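> So I've got this experimental structure, pasted below with the sequence.
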Amino acid sequence: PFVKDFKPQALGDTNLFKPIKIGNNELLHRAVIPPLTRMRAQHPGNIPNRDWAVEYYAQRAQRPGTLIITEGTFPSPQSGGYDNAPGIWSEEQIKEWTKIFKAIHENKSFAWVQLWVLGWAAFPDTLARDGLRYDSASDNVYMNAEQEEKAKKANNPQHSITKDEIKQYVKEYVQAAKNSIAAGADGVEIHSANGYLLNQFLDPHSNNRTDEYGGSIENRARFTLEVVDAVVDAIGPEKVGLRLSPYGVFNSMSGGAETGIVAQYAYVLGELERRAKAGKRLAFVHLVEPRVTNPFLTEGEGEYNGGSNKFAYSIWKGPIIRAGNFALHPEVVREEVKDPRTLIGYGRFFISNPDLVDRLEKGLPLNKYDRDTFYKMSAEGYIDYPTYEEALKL
Ligand SMILES: Cc1cc2nc3c(=O)[nH]c(=O)nc-3n(C[C@H](O)[C@H](O)[C@H](O)COP(=O)(O)O)c2cc1C
């Protein structure tokens with residue numbers, strides 16, 4: 001069964017199906033799979049699912065030329081905090097990861113690892129169980145009143161990380177980037193969006209710092225640019241993306257509600273453009289649209305109208321991935337792709353449609369998706385989503 005109230009439309013006649021080089025990869029269509037954390041990683045070890053993970057990603061690589069960004073992946077153990085979320089720091093993990101990149105590559109597609117550091121969105125009790133800190137920008141301010149109790153009821157109060165501990169995360173970023181390139185990944189995406197650790201330093205709500213890492217637009221952005229500079233001078237600018245979520249409010253970010261939130265993101269896009277004109281242009285920049293400011297709200301909701309991502313394009317001149325609510329709105333995508341460096345990110349509806357790239361070229365209906373198997377240790381809601389040929393045949 002498909003989304004019953006979805007009147008689809010063909011996009012095969014749009015720039016969404018005209019090839020484009022991103023970094024080193026010759027994309028053949030500009031539908032990009034964003035990072036979607038599926039919570040099928042195995043505990044202990046944060047090991048990618050040795051039952052299902054290669055089938056999952058392979059399935060979704062089926063359309064040749066698909067830029068795929070992998071799920072949020074922990075650069076180290078201090079970085080995560082979720083039992084079932086893949087890491088990429090251990091030989092255990094890297095062995096399975098290389099199996100995944102090989103399955104993607106066999107399908108003539110590409111794969112980029114999203115380097116994910118949780119910050120305050122981690123479970124303080126899961127981090128206290130493994131003798132790790134609970135890191136944010138500040139120690140006064142908490143993500144919400146429940147995290148605050150979890151942390152306080154596990155003697156793991158929130159920790160403002162020092163200038164050293166930041167250096168260590170930068171280190172861990174570069175290594176996790178390097179692992180990812182050697183193990184086979186076509187590039188990495190520095191997760192600096194959705195309120196996780198980097199976003200928490202960007203957003204002036206979560207960042208109460210008094211040092212060179214807070215108080216000002218430049219300071220707040222210092223960390224995110226710092227990880228970008230390390231990972232770039234390590235593996236190379238053409239292998240390095242960056243994800244921003246300017247208007248989002250997930251994990252307790254200001255979004256549009258902040259007046260100067262747009263100057264904050266303009267500043268970082270300005271500093272990525274300054275580096276670009278100095279020889280070191282990133283492979284792409286990945287924007288969350290304000291269409292989706294909380295991915296766990298159904299579509300249409302939590303959508304901030306009073307703000308647009310267009311300001312990016314006047315600053316950053318390289319490719320721009322845009323993700324959010326684009327599945328159910330081909331008329332929006334048909335316009336947005338007229339710009340010749342725009343790529344569209346398809347999130348939730350790539351979960352349900354492994355052949356989502358066909359259904360977009362051919363205007364075919366989209367599989368309805370199951371919210372309850374998003375985060376579930378099961379193969380159902382993971383790889384048992386039919387292609388169009390298979391769904392009719394049901
Ligand atoms: C189940 C789920 C897991 C997600 N995991 C991540 C993630 O790990 N990292 C990230 O940057 N975004 C993550 N996202 C957000 C998506 O990348 C995307 O921005 C969001 O789903 C909106 O796109 P859409 O309207 O096409 O679904 C996730 C979204 C969902 C629904």
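Arrived safely. Numbers count the residues shown, from 1 in each chain.
> which residue ranges form the strands in the stretch 1-150 of the chain?
20-22, 25-27, 31-33, 67-73, 110-115, 135-136 (DSSP state E, counting those that start in this stretch).
> Figure out which of those is closest to the ligand.
The ligand lies closest, by C-beta to the nearest ligand atom, to one member of the strands of the stretch 1-150 of the chain: strand 67-73, at 3.1 Å. Bear in mind the C-beta positions are built from the backbone N, C-alpha and C, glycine included.
> Can that closest one be said to contact the ligand?
Yes. Using C-beta under 6 Å from any ligand atom, we find that strand 67-73 touches the ligand at 71-72.
> The stretch 1-150 of the chain against the ligand: which residues are in contact?
34-37, 71-72, 114.
> rerun that using 5 Å as the cut-off
Residues of the stretch 1-150 of the chain lying near the ligand by C-beta under 5 Å from any ligand atom: 34-37, 72.
> go on, the stretch 151-300 of the chain?
Counting by C-beta under 5 Å from any ligand atom, the residues of the stretch 151-300 of the chain near the ligand are 292, 295.
> in the stretch 251-394 of the chain, what residue is nearest the ligand?
residue 347 (2.8 Å).
> That residue and residue 38 touch, don't they?
No. Using C-beta atoms under 8 Å, residue 347 is not in contact with residue 38, being 11.8 Å away.
> Residue 242 belongs to a helix, doesn't it?
No. Per DSSP: H, G, I helix; E, B strand; the rest coil, residue 242 lies outside any helix segment and is strand.
> give me the number of residues near it?
27 (other C-beta atoms under 10 Å).
> Then the one 4 residues further on?
Neighbour count for residue 246, taken as other C-beta under 10 Å: 31.
> cool, and residue 69?
Neighbour number of residue 69 under other C-beta under 10 Å is 27.
> repeat for residue 12
Neighbours of residue 12 using other C-beta under 10 Å come to 12.
> show me where this protein has helices.
53-60, 91-106, 124-129, 145-152, 163-182, 197-202, 217-235, 261-277, 311-315, 330-336, 348-352, 356-361, 388-392 (DSSP state H).
> for the third one, which positions count as buried?
Using 16 or more other C-beta atoms under 10 Å as the test for burial, helix 124-129 gives 124-128.
> Take those residues and lay them out in CSV including distance to residue 10.
Conversion of the buried residues of helix 124-129 to CSV gives the following (distance: C-beta to C-beta, whole Å):
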residue, distance to residue 10
124, 49
125, 49
126, 46
127, 48
128, 52
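> and of those, the nearest to residue 92?
residue 126 (18.6 Å; C-beta to C-beta).
> Just give the nearest non-adjacent residue to that closest one, would you?
residue 81 (5.3 Å; C-beta to C-beta, 6 or more residues apart in numbering).
> okay but that neighbour is in contact with residue 128, surely?
No. Here residue 81 lies out of contact with residue 128, judged by C-beta under 8 Å, at a distance of 9.7 Å.
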